[PDB]
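Trainee: One structure, pasted below without further comment.
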Amino acid sequence: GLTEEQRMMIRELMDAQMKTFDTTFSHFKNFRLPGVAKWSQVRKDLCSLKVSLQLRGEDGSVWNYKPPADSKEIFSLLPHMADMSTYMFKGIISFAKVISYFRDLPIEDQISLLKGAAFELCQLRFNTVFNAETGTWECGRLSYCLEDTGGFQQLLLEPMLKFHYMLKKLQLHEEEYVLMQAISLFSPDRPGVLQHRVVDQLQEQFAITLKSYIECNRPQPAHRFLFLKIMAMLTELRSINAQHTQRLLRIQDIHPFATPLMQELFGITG
Ligand SMILES: CC(C)(C)c1nc(-c2cccc(NS(=O)(=O)c3cc(F)ccc3F)c2F)c(-c2ccnc(CCS(C)(=O)=O)n2)s1
């Protein structure tokens with residue numbers, strides 16, 4: 001059984017998630033769409049996550065976008081992805097700002113923790129709209145469908161994609177997703193945090209709550225070691241976070257595309 005501090009911790013996380021996660025993406029509107037030496041590495045960076053895009057209209061109409069082969073056609077999806085990222089990041093920032101453990105930290109550590117974890121919280125939220133049968137992220141009227149590559153194996157060669165399939169296969173509850181979000185957010189070892197002991201104590205408590213929730217609610221033999229599998233996924237997710245930071249920075253060096261909010265989050269000055 002969870003203690004009262006633990007049940008309350010979960011309720012506060014769950015409430016923050018309910019208030020700040022637009023699961024139907026109803027408020028993502030007026031976003032950009034693809035028009036009607038270092039460069040070899042940028043080519044490698046871009047052609048590794050090909051998605052077609054689908055856009056269903058309230059009236060029943062469907063728009064469908066198929067991406068181009070690398071033959072600057074590589075950049076055609078970046079403004080849209082920047083708008084989607086920005087929308088998600090806003091959701092993430094709101095999430096952090098309504099959690100009491102987060103509001104109570106000094107404002108500089110708030111900033112440092114948000115810059116450390118925005119990508120990871122974004123991937124965690126996206127996993128809950130990921131469909132592993134069809135290979136697609138179902139974001140309300142938007143859909144992002146993985147392109148036929150190689151097969152599912154070759155898709156699993158990409159770390160973001162292997163992470164999404166492997167995280168989906170664990171069939172987490174909402175509680176577990178939200179606790180994963182808090183553990184990743186309260187990482188005491190992000191560049192520029194000052195209250196590292198406070199943040200470490202909070203993280204330890206989130207982790208223990210999660211282990212206890214699993215121990216109380218998931219007895220079936222398939223859930224043995226579930227807690228440790230989740231912590232290994234968070235470790236993997238930090239690895240992915242760092243690779244993607246460098247990926248983004250390279251692309252940004254060649255082809256400016258980041259929004260003001262992304263510039264802030266990734267430490268770009270102007
Ligand atoms: C599920 C789905 C399909 C919606 C995706 N989500 C993400 C995702 C997840 C978390 C954060 C960000 N944002 S981000 O960290 O700022 C960022 C980093 C970066 F390296 C490049 C652009 C960025 F915006 C994301 F974009 C995707 C992603 C990841 C990496 N690269 C690309 C380009 C794909 S493309 C143009 O088709 O080649 N897209 S795909």
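Here's how to read the names in the structure tokens: chain A, B, ... by the order shown, residue numbers from 1 in each chain, ligand numbers from 1 in the order shown.
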For the interface of chain A with ligand 1 (cut-off 6 Å, counting only C-alpha atoms and all ligand atoms), please tabulate each contacting residue of chain A alongside its nearest pair of atoms and their separation in Å to one decimal, rows sorted by chain and increasing number, as JSON lines.
Mentor:
```
{"residue": "A:46", "atom": "CA", "partner": "ligand 1", "partner_atom_place_in_ligand_line": "38 (O)", "distance": 4.2}
{"residue": "A:47", "atom": "CA", "partner": "ligand 1", "partner_atom_place_in_ligand_line": "38 (O)", "distance": 5.9}
{"residue": "A:49", "atom": "CA", "partner": "ligand 1", "partner_atom_place_in_ligand_line": "34 (C)", "distance": 5.3}
{"residue": "A:50", "atom": "CA", "partner": "ligand 1", "partner_atom_place_in_ligand_line": "37 (O)", "distance": 5.1}
{"residue": "A:51", "atom": "CA", "partner": "ligand 1", "partner_atom_place_in_ligand_line": "37 (O)", "distance": 5.7}
{"residue": "A:77", "atom": "CA", "partner": "ligand 1", "partner_atom_place_in_ligand_line": "36 (C)", "distance": 4.3}
{"residue": "A:78", "atom": "CA", "partner": "ligand 1", "partner_atom_place_in_ligand_line": "36 (C)", "distance": 4.4}
{"residue": "A:81", "atom": "CA", "partner": "ligand 1", "partner_atom_place_in_ligand_line": "24 (F)", "distance": 5.0}
{"residue": "A:82", "atom": "CA", "partner": "ligand 1", "partner_atom_place_in_ligand_line": "24 (F)", "distance": 4.7}
{"residue": "A:85", "atom": "CA", "partner": "ligand 1", "partner_atom_place_in_ligand_line": "13 (N)", "distance": 4.6}
{"residue": "A:119", "atom": "CA", "partner": "ligand 1", "partner_atom_place_in_ligand_line": "11 (C)", "distance": 4.8}
{"residue": "A:122", "atom": "CA", "partner": "ligand 1", "partner_atom_place_in_ligand_line": "10 (C)", "distance": 5.1}
{"residue": "A:123", "atom": "CA", "partner": "ligand 1", "partner_atom_place_in_ligand_line": "10 (C)", "distance": 5.1}
{"residue": "A:126", "atom": "CA", "partner": "ligand 1", "partner_atom_place_in_ligand_line": "1 (C)", "distance": 5.9}
{"residue": "A:137", "atom": "CA", "partner": "ligand 1", "partner_atom_place_in_ligand_line": "1 (C)", "distance": 5.8}
{"residue": "A:144", "atom": "CA", "partner": "ligand 1", "partner_atom_place_in_ligand_line": "3 (C)", "distance": 5.3}
{"residue": "A:244", "atom": "CA", "partner": "ligand 1", "partner_atom_place_in_ligand_line": "20 (F)", "distance": 4.5}
{"residue": "A:247", "atom": "CA", "partner": "ligand 1", "partner_atom_place_in_ligand_line": "20 (F)", "distance": 4.7}
{"residue": "A:248", "atom": "CA", "partner": "ligand 1", "partner_atom_place_in_ligand_line": "20 (F)", "distance": 3.8}
```
Trainee: Write a file of the selected residues as a short mmCIF file (atom, residue, chain, number, x, y, z; two decimals), in the first residue's frame, keeping C-alpha atoms.
Mentor:
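See out_31.cif below for the written result:
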```cif
data_model
loop_
_atom_site.label_atom_id
_atom_site.label_comp_id
_atom_site.auth_asym_id
_atom_site.auth_seq_id
_atom_site.Cartn_x
_atom_site.Cartn_y
_atom_site.Cartn_z
CA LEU A 46 17.48 14.26 -41.20
CA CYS A 47 16.82 11.09 -43.24
CA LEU A 49 13.05 9.81 -39.01
CA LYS A 50 10.83 9.88 -42.10
CA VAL A 51 7.15 10.48 -41.36
CA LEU A 77 9.32 19.39 -42.45
CA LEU A 78 11.44 21.43 -39.98
CA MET A 81 8.20 20.10 -36.38
CA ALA A 82 9.36 23.32 -34.67
CA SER A 85 7.76 20.97 -30.52
CA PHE A 119 12.86 16.92 -24.68
CA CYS A 122 8.09 15.49 -24.73
CA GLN A 123 9.09 11.95 -25.72
CA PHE A 126 4.35 11.33 -27.25
CA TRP A 137 1.59 8.99 -33.40
CA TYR A 144 2.48 11.10 -37.94
CA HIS A 244 19.30 14.89 -30.31
CA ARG A 247 21.60 16.84 -33.94
CA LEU A 248 19.45 19.94 -33.51
#
```
Trainee: Would you list, as a PyMOL selection string, the residues of region 4-185 of chain A that end up in strand (DSSP E) under DSSP run on this structure's backbone?
Mentor: chain A and resi 51-56+62-65+130-131+136-139+142-146
Trainee: So which one's closest to residue 95 (chain A), A:127, A:136, A:201, A:17? Using only C-alpha atoms, please.
Mentor: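 Under the stated criterion, the closest residue is A:17.
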Trainee: Each residue of region 71-162 of chain A with at least one atom at most 10 Å from region 228-243 of chain A should appear once, together with its nearest atom pair and the corresponding distance in Å (one decimal); atoms considered: only C-alpha atoms; ordering: chain, then increasing residue number; output as a Markdown table.
Mentor:
```
| residue | atom | partner | partner_atom | distance |
| --- | --- | --- | --- | --- |
| A:116 | CA | A:241 | CA | 9.0 |
| A:117 | CA | A:241 | CA | 8.5 |
| A:118 | CA | A:241 | CA | 9.4 |
| A:119 | CA | A:241 | CA | 6.5 |
| A:120 | CA | A:237 | CA | 6.5 |
| A:121 | CA | A:237 | CA | 9.7 |
| A:123 | CA | A:237 | CA | 8.4 |
| A:124 | CA | A:237 | CA | 9.2 |
| A:158 | CA | A:240 | CA | 10.0 |
| A:159 | CA | A:240 | CA | 6.7 |
| A:160 | CA | A:240 | CA | 6.8 |
```
